[PDB]
């Protein structure tokens, strides 16, 4: 029961509070694949093996860009294998009420000052948004890749559909990432 009308918008929460869980089907067998997403991008969030929401980006479900940061090398849950994501791969956020399903549009390798990658319209800081995106960010090295940090690996995914979590879940989801 994939819904294509506008999804529910998450309300902004305080720093360090949990927004949901990140599930990426290509990371089944790689990580525990149930990475919490929390407000804020300090190490107090990312060291918890959680993804952090850039606080000046849009809320989950909101028109614009919900951007999250993750460590590349954390245990249990991380963005280690961000490099496996190709066009059309699913990026799934679970909240208490809702499954948000995004589909990868592309990736970028950028310098960390290239903040246009997390603008409301990805890579277009001057543009007003129409679509709903998620953006995942992590470190990458020009020489050392996974083990370097002169660059940032960026994945963009455009909203595809949503589901009421009490009524169903995506077919790719192999087990409940959370509780009910």
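Numbering follows the first chain given and starts at 1.
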query	finding
Selected stretch [higher average CA B-factor]: 122 to 130 or 36 to 44	122 to 130
Stretch with the higher entry mean CA B-factor, where the candidates are 90 to 98 and 72 to 80	72 to 80
C-alpha B-factor winner, where the candidates are 114, 138, 135, 31	31
Relative C-alpha B-factor of residue 160, binned into the chain's lowest, middle or highest third	middle
Where the record places residue 52 (Cα B-factor, split into thirds across the chain)	lowest
Within-chain third of residue 65 by Cα B-factor, per the entry	lowest
B-factor third for the C-alpha atom of residue 14 within its chain	highest
